[PDB]
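Scroll down for the structure; my scribbles are underneath it.
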Amino acid sequence: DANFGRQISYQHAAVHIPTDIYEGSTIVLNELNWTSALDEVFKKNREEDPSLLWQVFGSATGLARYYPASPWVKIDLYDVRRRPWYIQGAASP
Amino acid sequence: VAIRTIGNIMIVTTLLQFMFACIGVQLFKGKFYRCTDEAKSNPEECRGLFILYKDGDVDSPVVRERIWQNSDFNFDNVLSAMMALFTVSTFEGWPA
Ligand SMILES: *[C@@H]1O[C@H](CO)[C@@H](O[C@@H]2O[C@H](CO)[C@@H](O[C@@H]3O[C@H](CO)[C@@H](O)[C@H](O)[C@H]3NC(C)=O)[C@H](O)[C@H]2NC(C)=O)[C@H](O)[C@H]1NC(C)=O
C-alpha cells in the first residue's frame, strides 16, 4: 500500500509480544481474547478517516496490538511499556 | 584372599552410606531444580525464550531458550542420592 512503507493488511490487527515474554501463558492468553474485540473498532475508525496511520494498544501485560496488521521489522528488544508514548500516558510528570 | 578379609568393613561402609543417602533423599528430594535464566523460579514461568547477556555485557544480548532442568547429581531417589554421595566421598565436585 501507498502512504505505508511496508506491506499491510486491513483484514485484522497484528499482535507483538516481546521476546522475554512467553506467549500462551495464562495472563497473556486472557489478555489475548478481550483485545480481539478491538479489531472491529479498528476497522470502523479507518472507514471514517481513510488517511489514518497506526492505531496501537499497549497492554500493561507487555503485548502491543496494532492496526493495520504488518510484519514486524539482529534480535528484537522492543517493549511497548518502555516507549515514550506509553510512559507519558501511564503517569504524570 | 585380602578381599574376603576386608569384606567386613565393606558391609559397614555400604550400610552407612545408604542411611546418609536416605537422609539426603529426605532433605533435598527434588529441590535441585533451576531454570536456564536466574529470574524465573518455578516451572510455569520457565518457558519460552529469554534474552541472555554474554559475559555480563549489556551491549551483547543473545536470544536463548529457557529450560527447567534438573541437576546432574540430584537426590530424587535412593539411587541418585547414593551415586551423588559416592561422588562426594571421592572428594570430587563436592563443593558444587
Ligand atoms: C474468548 O474466547 C472464547 C472461545 O473462543 C469465546 O467464547 C465463545 O465465543 C463464540 C463466539 O461468539 C460463541 O459461539 C456462539 O456464541 C453465541 C452467543 O452466546 C451463541 O449462539 C452460542 O453460544 C455460540 N454459537 C454456536 C456454538 O453455534 C461461544 O458460545 C463462546 N463460548 C464457548 C465456545 O465456550 C469468547 O467469546 C471470547 N471472549 C471474548 C470477550 O471475545
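Exactly one residue out of A:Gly5, A:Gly58 is more than 16 Å from the ligand (Cβ to nearest atom) and out of contact with any strand residue (DSSP E or B) (no Cβ under 9 Å at 6 or more places or on another chain): that is A:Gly5. When A:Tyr22, A:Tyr86 are checked against the criterion of being more than 16 Å from the ligand (Cβ to nearest atom) and over 15 Å from the mean Cα position of the chain (by Cα), a single residue qualifies: A:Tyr22.
Taking A:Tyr78, is it surrounded by fewer than 14 Cβ atoms within 10 Å (Cβ to Cβ), more than 11 Å from the chain's Cα centre (by Cα) and of a type in the set (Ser, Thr, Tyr)?
Numbers: surrounded by fewer than 14 Cβ atoms within 10 Å (Cβ to Cβ): yes; more than 11 Å from the chain's Cα centre (by Cα): yes; of a type in the set (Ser, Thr, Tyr): yes.
In short, yes.
For the range A:8-19: of the residues being more than 14 Å from chain B (Cβ to nearest Cβ) and among the aliphatic types (A, V, I, L, M), which is farthest from the ligand (Cβ to nearest atom)? Only one residue tops the list, namely A:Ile8. Taking first residues from the range A:33-47 that are within 12 Å of A:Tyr10 (Cβ to Cβ) and within 11 Å of the ligand (Cβ to nearest atom) and partners that are of a type in the set (D, E, K, R) and in a helix (DSSP H, G or I), no Cβ contact under 7 Å between residues at least 6 apart in sequence or on separate chains turns up. In the range A:67-80, the residues that are within 14 Å of another protein chain (Cβ to nearest Cβ) reach residues that are assigned to a loop (DSSP other than H, G, I, E, B) and β-branched (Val, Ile, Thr) with C-beta atoms within less than 8 angstrom, at least six apart or across chains, in these pairs: A:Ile75/A:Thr19; A:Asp76/A:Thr19; A:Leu77/A:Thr19.
Taken together, the values in this text are just the output of simple stated rules run on the coordinates, not laboratory data. Ideal geometry is used to build each Cβ from the backbone, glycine not excepted, and the neighbour counts take in all protein chains shown.
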